[PDB]
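What the coordinates show
What follows is each chain in one-letter form.
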Amino acid sequence: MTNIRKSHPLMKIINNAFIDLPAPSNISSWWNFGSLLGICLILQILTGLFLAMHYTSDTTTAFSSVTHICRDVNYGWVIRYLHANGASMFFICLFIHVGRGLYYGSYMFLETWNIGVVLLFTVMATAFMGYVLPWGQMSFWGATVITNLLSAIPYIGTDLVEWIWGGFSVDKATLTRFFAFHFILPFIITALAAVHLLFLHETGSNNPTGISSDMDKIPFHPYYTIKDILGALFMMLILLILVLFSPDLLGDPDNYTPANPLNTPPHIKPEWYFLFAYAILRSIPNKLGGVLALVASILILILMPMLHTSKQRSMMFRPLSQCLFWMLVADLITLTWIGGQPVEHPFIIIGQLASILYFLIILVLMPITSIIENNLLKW
Amino acid sequence: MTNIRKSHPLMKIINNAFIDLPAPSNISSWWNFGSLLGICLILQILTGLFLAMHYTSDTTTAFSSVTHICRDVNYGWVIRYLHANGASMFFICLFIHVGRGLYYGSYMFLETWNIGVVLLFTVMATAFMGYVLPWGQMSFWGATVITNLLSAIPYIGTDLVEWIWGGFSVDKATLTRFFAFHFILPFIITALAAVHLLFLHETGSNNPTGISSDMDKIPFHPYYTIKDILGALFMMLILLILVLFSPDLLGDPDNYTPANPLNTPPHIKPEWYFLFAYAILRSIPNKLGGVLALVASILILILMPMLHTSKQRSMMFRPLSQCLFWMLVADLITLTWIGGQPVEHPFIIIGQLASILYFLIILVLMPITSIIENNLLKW
Amino acid sequence: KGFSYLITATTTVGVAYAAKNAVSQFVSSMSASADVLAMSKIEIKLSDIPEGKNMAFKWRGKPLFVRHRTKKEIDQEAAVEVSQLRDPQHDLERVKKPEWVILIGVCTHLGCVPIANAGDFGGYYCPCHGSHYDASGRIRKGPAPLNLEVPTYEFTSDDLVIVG
Amino acid sequence: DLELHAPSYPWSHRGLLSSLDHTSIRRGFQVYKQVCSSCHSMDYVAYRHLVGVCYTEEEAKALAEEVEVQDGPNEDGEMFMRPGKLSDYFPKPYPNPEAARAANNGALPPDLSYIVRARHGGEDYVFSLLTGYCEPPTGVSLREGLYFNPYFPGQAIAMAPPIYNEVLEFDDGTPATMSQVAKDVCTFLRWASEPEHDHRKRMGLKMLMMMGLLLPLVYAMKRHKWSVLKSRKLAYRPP
Amino acid sequence: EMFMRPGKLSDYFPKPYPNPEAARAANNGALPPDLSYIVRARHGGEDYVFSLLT
Amino acid sequence: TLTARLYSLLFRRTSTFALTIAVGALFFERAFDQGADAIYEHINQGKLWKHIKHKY
Amino acid sequence: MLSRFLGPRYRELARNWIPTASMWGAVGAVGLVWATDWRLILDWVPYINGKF
Amino acid sequence: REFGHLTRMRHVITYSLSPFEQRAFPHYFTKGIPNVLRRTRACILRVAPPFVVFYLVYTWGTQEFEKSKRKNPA
Ligand code: HEC
Ligand code: HEM
Ligand code: HEM
Ligand code: HEM
Ligand code: HEM
Ligand code: FES
């Protein structure tokens, strides 16, 4: 006789995944966000399904269908705002997870780090694409701007924007193809998340100290289930606070207007989780260089495993690196704020300077600070 | 240092699932229908996505959207008819696969068999959902009849039909929810197919003789990859002939008429792969009895491992049982033809006898015949 | 070995041809459909449009004015400076052939349609919030932020002028 | 009761790799626009589709220019007349279904964009229905204003006889024989519900030859790789 | 023919102008925005619209 | 044997094997397209649109 | 890294693998031109420019 | 279930030849045709009857439907 928990194949996989998987005891709350992301994935996908059950992707019905969901459908407004604020919370958790990975040297798990970068790319694409679906003024106009950014690509680039648009500009074909891709992509995210978990489970998670915790490992089920339950409950507390008291808080009011291609909005801006890289795009004058900087602003995460030079993996014992990391976080907040604001004086200079400081901190200040760090500790 | 094929995490799974998996040396072509099914998934999923990028689910414009796909999109008709006939071939290959499993005694693998039954239910519901989407006369009316079939459930029955069917009649909400479920389900089918292979692998495979083939296992990659490639190319032959010479061979022409709730078509039949149950529905006069018999027609598969009385797993050395199995197949084609025909004097009695003979073979004739052969073989 | 691998080579080239002739089908399927090609990007205009007129047509998704700018209004547009314009755009880059002006029909302030032969300067006037426009296609001043958009029209065979 | 199954006519396109007669397609569009268009609609098939299959570009431009189609809001918001173009769809009879039903006794003339692909029989059924009007036999006297068509389900159709001999003058010079007119319009409808027939049979040819090459070669590769297994001389030498 | 009947609970709110171009041509060329989502579309909400009216 | 020269030159290296396959595709696509189109027009002479534009 | 790849035998490996990698590059370029039907290149080659 | 914990076997010798030395179709027709004929002879005796009785049932049902749908003299 043998345990069904660790002899049945599905149950054996689940057991080795999150029942009897050894875990560091000193894991802080910063790791809970990982599970939160998974929760914020499922809570998204399910809701999306219900939205897809009352959404008719067409330039003559998209806004009307969304309105019909909001008003007429029994408890449809709650699903819609749940979806929007859940995407926002998903990006909050994603950014916090990336910050944790940077802080505690979690990028030493190279395969997991690269798979996470791919997941992050896919999530940005999914959210950008999904924001088109309500077909508001902001949706259509922002989509036009972002897709037209691909015209800067040399040679083929112009043809590409005709290919993505499904024609001469963003129209019904673009809307329906965006709907289809928005449907398919989250399942690719789920598969990539499974692969990301496999890679991490091969080596095990990293404690805040950075030292290997093989000597002190605790089973996952008795402890790190209820802790993740508490984390998910707190995330739900925040998310339903947003949905039930300030539904259209982060979303721009201009979306609640039929997409009229005869009137440019006063300011065309993406989501708050998109304004930082869009501000980076704004900063560079050259169009092609702008797109290169925009893509590099996220692709630079892959370079992080190579740029690490300090002998300590984590940052608990590197105060100078901690100050640099917080300078980077403040710089990202400045990028978001600048992206919100129009490209005028002095926002132009502030955005440019913060854009340079972003790459300068990531590529230069952190490694040089790490060299000084090693020199300061006899090694 | 070490081979990446058997050391990399994902590559290890791929290696021991498809490259170096020890497969029986003498599996016939009938086993190849496994791989085709998976291919018939991917080949049909990729097409299915491309229709989702030109198909608006609104009832007032679903049929016009389908006509626009077939008439305006570059090579749209190829995708549309490839999708339809790929679903038809998926059901052909599914029936052949179930016939193989029942024949060569593979249904003794338990977990894989039940998972296969669940997969059959999922895809068989998915095709029914997909047929409604074009919103033709047969699509709408067959959906009406099949959904109203559920009203025979006692007490809560109508309420369930009030819920699944959107109340009212098959109308705007029904089309959207059918599209959403049609989209979500095949990914569940993919996950369940992965679980199906996972349950299959630790048992190996059932060779035609039914004896354990642990003394003749051969690597998968050199031989069975090219064998399944040739099989998939033959399935390409049949699918392309169907798609490219007689696109609407396995289809009702009245589906090319926009759905009208004000006119019942002279004949109300589902697709060809559903009639084998539809006729069973007409066999029992009672509505609830019809529901139970129609469900049991597929539920009887999980009872097959219990109803195995022969001492030999396989069917090659059981001629009397072979005659019974081929009688079962002939009864299946007879049931399909009867479901095709309307309900008059020549067809009612034939359908009743066919359903009775179906059940009598599966639960009665086959075990008794197996016992007779066991006695006739001195064991 | 040569024969055994020639079999494989011929199989592979056939499979490559099939793979291209399928993936190209799919890629062109996601590309622009025939309806948008044959409804939107075809704007032949006959020279029936006489001097000093603005018969406007709703193409793509916006109207467009085909101005037959006569010699008089041409020399007013020439005389009007460039520098104090809100977004300086000289008539040269505004329009290729002086006799005909091609420009969109949606005022950039909030939309609507500018009525022609009005707006103090003479050319255009959007009455929604009273924005007068420069006759050459620009704006001299007013509530509207920037000048009227000019499409990628082509002047080939002046009798039959196509707009892209 | 009963029903006539339409006899299998020897259509030029009935061949496995035989295409449509595009001249017949043009002459069948002419009859559609002359007599059929007065009461029937084709909706999806547009003037642009005719270019490159039955009519040249300028001929189709003139064809669309002949008819006046209704265009959107005027500068005052009035729903005004306008000459047709290639982008326009085939102009339709009486606007809403209710007017069409009221004008045509109490029957709605179905759209022909899919009528040859929506009826069991297709071209054979359509041709037989058109050239099958017969005097009602004894004892089956139908309504007033009804017409006996044996091939029509119910044997009682609401058509004034559509095609009678010498109704339309073909531009090419073909005689106005009722059979000629019916065959031409039937071919036009087959093109209408299958606007890929030529290219579909072209793909059929290409796929047939491609895999007539591919199957022997892939099979040869399979036998080449499997040949080790299919020639394993086994042995058994117990001590 | 399009017949006129007394409105019922099923009907939505009446639209004063038949088509938008008629509305623009009627007033001055400007389009009165749809009042359904007007409050949720303008930065400021009700405090905006009220401030406008007064 | 000519096959021996083929294996010695174009087939020994898998990379030049890929080059041979690619150039074979280059020529074979055009050859197959031209031949199949010629056969198609030969079967349906005086029926396709290509065989009738001469009048118009 | 930088110095550990900067050796004599490493440049020997580079010289050995220059032909195969270089003409793999030609394989890729020809495949790209083929797949995209690049008229800029395909026009010059004979017997294929007829397709245009 | 990977190679090695499969079974225990003793005194078994397997001779195999390179795929580049055997013809891919050794006596394709002259040997395949008798084998296919033998397989057909073995299987048809139990395969054909259930399918042929379906054919008589189908023909009987079709003619029964057409004769019952016809009018009777009365
Ligand atoms: C002046 C009137 C009129 C003309 C001319 C006319 N039709 Fe009709 N047609 C009708 C009406 C009314 C019906 C509806 C009858 C019914 O319910 O089937 C109809 C029905 C049909 C149907 C449906 C038959 C079915 O199976 O239900 C077809 C096909 C058809 N017409 C084809 C044609 C063709 C082809 C032509 C000329 C080349 C033509 N018609 C000319 C009025 C007309
Ligand atoms: C990866 C998780 C997902 C993210 C980040 C995401 C993101 C978004 C966003 C930002 C919107 C726009 C919300 C708004 O209108 O303000 C949206 C809309 C939509 N999404 Fe998703 N989505 C996700 C998953 C899904 C899934 C799995 C489906 C399909 C089942 C789906 C279907 C829809 C639909 C139908 C809409 C339009 C309704 C609406 O805009 O409110 N989403 N999505
Ligand atoms: C789709 C969203 C994501 C999901 C569902 C996900 C899932 C998880 C989970 C559950 C963990 C374990 C808990 C934890 O360590 O936080 C984890 C760890 C990790 N993830 Fe992610 N992740 C996602 C996105 C990312 C991103 C964007 C990155 C960065 C590129 C990333 C890199 C990592 C790293 C480095 C670890 C290890 C952290 C450690 O061991 O301390 N992940 N992931
Ligand atoms: C279990 C696998 C599936 C089967 C058997 C299936 C089957 C079908 C069938 C038979 C139709 C009707 C086609 C017609 O009447 O011409 C249909 C419609 C449709 N299916 Fe699926 N489907 C499947 C999965 C999917 C997936 C994964 C997608 C999206 C990626 C999809 C998208 C559609 C769409 C958009 C339609 C409407 C357009 C059309 O009718 O062709 N289906 N499906
Ligand atoms: C979604 C469709 C399905 C897929 C993709 C699938 C996939 C596979 C594959 C690839 C195999 C190995 C090849 C083979 O032995 O045939 C297999 C084996 C098997 N499948 Fe399925 N299957 C499907 C549906 C089913 C169904 C409906 C059943 C029956 C309830 C079933 C039961 C089995 C059994 C019993 C085996 C073992 C065959 C043997 O080893 O003899 N599967 N499946
Ligand atoms: S929209 Fe033209 S003036 Fe305001």
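Here the residues of each chain are numbered from 1 in the order the sequence is written, which can differ from the numbering of the entry; residues without coordinates are not included. Chain labels run from A onward and ligand labels from 1 onward, assigned in the order the entries are written. Only a portion of a larger assembly is displayed here, and every value given applies to that displayed portion alone. Remark: hydrogens and water are excluded; side-chain values derive from all non-hydrogen atoms of the structure.

In the PDB archive, cryo-EM is given as the structure determination method for this entry, at a resolution of 3.6 Å.

1. Observations concerning the overall build of chain E
Here is the rule: Comment: elements are numbered from the N terminus, with helices defined as DSSP H or I runs of at least four residues and strands as E runs of at least two. Under the scheme applied here, a residue whose accessible area is under 20% of the maximum for its type counts as buried, over 50% as exposed, and between as partly exposed, the area being computed with a 1.4 Å probe on protein chains only. With residues, only the protein chains shown are counted as cover, and all accessible areas are computed by Shrake-Rupley using a 1.4 Å probe.
When helices and strands are tallied, chain E shows 3 helices and 0 strands. In chain E, the succession of α and β elements from N to C terminus is α-α-α. Each of the three principal axes of chain E carries a C-alpha extent, and together these read 45 × 30 × 20 Å. Here chain E holds 54 residues, and the buried ones make up 15% of them. Accessible area for chain E stands at about 4900 Å²; split by element, carbon and sulfur atoms hold 65% of it.

2. Quick look at the site of ligand 5
Residues and elements named next belong to chain B. Where we set the bar: A single heavy atom is enough: if one lies within 4 Å of a molecule or strand, its residue is considered near that molecule or strand. For the purposes of these results, a polar contact is taken to be a pair of N or O atoms within 3.5 Å, where, inside protein, one atom must be able to donate a hydrogen and its partner to accept one; residues adjacent in sequence count only when each atom of the pair is a side-chain atom. Ten residues, namely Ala, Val, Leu, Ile, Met, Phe, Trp, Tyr, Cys and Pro, are considered nonpolar, four, namely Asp, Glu, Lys and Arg, are considered charged, and the remaining ones, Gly among them, are considered polar.
The immediate surroundings of ligand 5 are formed by 22 residues, with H97, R100, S106, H196 and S205 found nearest. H196 places a polar side-chain atom, nitrogen or oxygen, 2.5 Å from a nitrogen atom of ligand 5. Here an oxygen atom of ligand 5 sits 2.7 Å away from a polar atom, N or O, in the side chain of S205. Sorting the residues of the shell around ligand 5 by element identifies α2 (29-52), α4 (76-103), α5 (111-132) and α8 (172-201) as the ones contributing at least two each. Per-element accounting of the shell around ligand 5 gives the leading share, 6 residues, to α5. By residue class, the composition of the shell around ligand 5 is 11 nonpolar, 10 polar and 1 charged.

3. Describing the coordination of the iron atom of ligand 3
Test applied: Sites may look incomplete because water is not among the atoms; the donors themselves are N, O and S atoms within 2.8 Å of the metal, or within 3.2 Å for Na, K and Ca.
For the iron atom of ligand 3, the protein supplies a single donor, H196(A) (NE2), at a distance of 2.2 Å. Assignment of secondary structure puts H196(A) in helix α8 (residues 172-203).

4. Overview of the sheet that holds strand β7 (residues 131-133) of chain C
Residue and element names in this part refer to chain C. Note the following rule: Here the rule is simple: two strands pair whenever DSSP picks up at least two bridges between them.
Ordered by their spatial adjacency, 3 strands build an open sheet running β5-β6-β7, and the pairing between neighbours is antiparallel. The open sheet has two edge strands with one neighbour each: β5 (115-116) and β7. One ladder, built from 3 bridges, connects strand β6 (residues 124-126) with β7; its direction is antiparallel. Along β7, the bridge assignment pairs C126 with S131.

5. Points about the side chain of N149(D)
Residues and elements named next belong to chain D. Using the following cut-off: Note on definitions: a residue-residue contact is assigned when non-hydrogen atoms from the two residues lie within 4.5 Å.
Along the polypeptide, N149 turns up in the loop between α5 (123-130) and α6 (178-193). Separated by 2.6 Å, the side chain of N149 and the backbone oxygen of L129 make a polar contact. For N149, the side chain forms a polar contact with the main-chain nitrogen of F152, separated by 2.7 Å. Every residue in contact with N149, bar those within four places of it in the chain, is listed here: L129, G132, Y133, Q155, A156 and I157.

6. Notes on the nonpolar core
In plain terms, the rule: Here, nonpolar core means buried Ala, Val, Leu, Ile, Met, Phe, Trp, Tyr and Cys residues that are tied together by side-chain atoms lying within 4.5 Å of each other.
Ranked by internal contacts, the top residues of the largest apolar core, which has 210 residues, are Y55(A), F91(A), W135(A), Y55(B) and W135(B). A total of 12 residues in this core trace back to one element, the largest contributor, which is α4(B). One finds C54(D), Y55(D), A60(D) and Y125(D) within the second-largest nonpolar core, a separate group that totals 38 residues.

7. Brief notes about the interface of chain D and chain B
Filter applied, for reference: Simply put, the buried area is the total loss of 1.4 Å probe accessible area from both parts when two parts are fitted together. Salt-bridge detection follows one rule: a side-chain nitrogen of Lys or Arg within 4 Å of a carboxyl oxygen of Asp or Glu.
Tallying the contact residues gives 36 residues for chain D and 37 residues for chain B. Each partner contributes to the roughly 3200 Å² buried at the junction of chain D and chain B, and carbon and sulfur atoms together form 69% of this total. There are 3 salt bridges connecting chain D and chain B. Here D72(B) and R48(D) are joined by a salt bridge, their closest N and O atoms 2.8 Å apart. Remark: the boundary between chain D and chain B carries 9 residue pairs in polar contact.

8. Here we look at the packing of helix α2 (residues 14-43) of chain F against helix α1 (residues 8-36) of chain G
To keep it simple, the criterion reads: Working convention: axes come from line fits to C-alpha atoms, limited for helices to the stretch in contact. Angles between N-to-C directions cover 0 to 180 degrees. Angle categories: roughly parallel below 35 degrees, roughly antiparallel above 145, roughly perpendicular from 65 to 115, and oblique for all the rest. Handedness of each helix crossing follows the sense of rotation of the near helix against the far helix: counterclockwise by less than a right angle gives left-handed, clockwise gives right-handed.
Closest axis-to-axis distance for the α2(F)/α1(G) pair is 9 Å, and the angle between their directions is 20 degrees. Viewed along their axes, α2(F) and α1(G) adopt a mutual orientation that is roughly parallel. Read as a crossing pair, α2(F) and α1(G) show a hand that is left-handed. Along the contact surface, α2(F) presents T14(F), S15(F), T16(F), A18(F), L19(F), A22(F), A25(F), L26(F) and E29(F), while α1(G) presents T20(G), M23(G), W24(G), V27(G), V30(G) and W34(G). Counted by class, the contact of α2(F) with α1(G) contains 10 nonpolar, 4 polar and 1 charged residues.

9. Here's the deal with the UniProt feature "binding site: heme c 1" (unreviewed entry) in chain D
Residues and elements named next belong to chain D. Test applied: UniProt positions are given in the numbering used here, feature names are shortened, and annotations may be inferred rather than shown by experiment.
UniProt annotation of "binding site: heme c 1" (unreviewed entry) refers to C36, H40, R119 and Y125 when read in the numbering used here. Here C36 shows up in the loop between α1 (22-34) and α2 (57-66). Excluding anything up to four places from it in sequence, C36 contacts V31 and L112. With respect to the helices and strands, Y125 occurs in helix α5. By relative accessible area, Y125 is classed as buried at 11%.

10. Some details on the site of ligand 1
All names here are of chain D. As a structural note, the neighbourhood of ligand 1 is formed by 21 residues, with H40, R119, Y125, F152 and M159 the closest of them. At a separation of 2.6 Å, a nitrogen atom of ligand 1 approaches a polar side-chain atom of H40. The separation between an oxygen atom of ligand 1 and a polar side-chain atom of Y125 is 2.3 Å. Residue classes in the shell around ligand 1 are distributed as 18 nonpolar, 2 polar and 1 charged.

11. As for the environment of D124(D)
Residues and elements named next belong to chain D. Structurally, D124 is set in helix α5. We classify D124 as buried; its relative accessible area is 12%. Once residues within four sequence positions are removed from consideration, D124 is found in contact with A6, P7, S8, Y9 and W11.

12. Points about the pairing of strand β4 (residues 101-104) of chain C
All names here are of chain C. Residues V101 and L103 of β4 are buried on one face, and the alternating residues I102 and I104, pointing to the opposite face, are buried as well. Judged from the 4 bridges that link them, strand β3 (residues 62-67) and β4 form a sheet pairing that is antiparallel. Each bridged residue has a counterpart across the sheet, and for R67 the counterpart in β4 is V101.

13. Overview of the arrangement of the chains
For this structure, the chain pair with the highest number of contacts among 16 pairs of chains in contact is chains B and D. The two units chain B and chain F never meet; even their closest C-alpha atoms stay 15 Å apart. Between chain E and chain F there is no contact, and the shortest C-alpha to C-alpha separation is 43 Å.

14. Thoughts on the sheet that holds β3(C)
All names here are of chain C. One open sheet holds the 3 strands; their spatial order is β2-β3-β4, and the pairing between them is antiparallel. The open sheet terminates on both sides in strands that have one partner only, identified here as β2 (56-59) and β4. When the angles between neighbouring strand axes are averaged without regard to direction, this sheet yields 25 degrees. Relative to β3, β2 is paired through 4 bridges, and the arrangement is antiparallel. In the sheet register, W59 faces β3, and the bridge partner there is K62.

15. Some points on the environment of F50(B)
Of note, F50(B) is situated in helix α2. In the structure, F50(B) is positioned 224 residues away from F274(B) in sequence and 26 Å away in space, judged by C-alpha atoms.

16. Observations regarding the pairing of strand β2 (residues 79-83) of chain D
Each regular strand carries side chains that alternate between the two faces of the sheet. Residue and element names in this part refer to chain D. Examined bridge by bridge, strand β1 (residues 68-73) and β2 share 4 bridges and lie antiparallel to one another. Its bridge partner being in β2, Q70 is matched across the sheet by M81. Where β1 hands over to β2, the hairpin turn is made up of 5 residues, of which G77 adopts a positive phi near 90 degrees.

17. Section: the interface of chain H and chain B
Between chain H and chain B, the residue contacts involve 19 residues of the former and 24 residues of the latter. Approximately 1900 Å² of surface area, both sides summed, lies buried where chain H meets chain B, with 76% of it carried by carbon and sulfur atoms. At the junction of chain H and chain B, the tally comes to 1 salt bridge. Where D214(B) meets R1(H), a salt bridge forms, and the shortest distance between an N and an O atom there is 2.8 Å. If you look at where chain H meets chain B, you find 3 residue pairs in polar contact. Counted by class, the side of chain H that touches chain B contains 11 nonpolar, 4 polar and 4 charged residues.

18. As for the packing of aromatic side chains
This is how it is decided: Any pair of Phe, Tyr and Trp rings, taking the six-membered ring for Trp, is counted once the centres come within 6.5 Å. Such a pair is stacked with planes under 30 degrees apart, edge-to-face with planes over 60 apart, and tilted for the rest.
For the coordinates displayed, the defined rule picks out 88 aromatic pairs over all chains. Each ring, one from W272(A) and one from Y273(A), has its centre 5.3 Å from the other, and the planes form 70 degrees; the classification is edge-to-face. What makes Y273(A) buried here is its relative accessible area of 6%. Centre to centre, the rings of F179(B) and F183(B) are 5.9 Å apart; their planes meet at 40 degrees, and the pair counts as tilted. Placement of both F179(B) and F183(B) in helix α8 is noted, with a separation of 4 residues, approximately one turn of the helix. Of the two residues, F179(B) and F183(B), both sit in the buried class. Put simply, the rings of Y55(A), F179(A), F183(A), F187(A), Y55(B), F179(B), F183(B) and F187(B) pair up and form one aromatic cluster.

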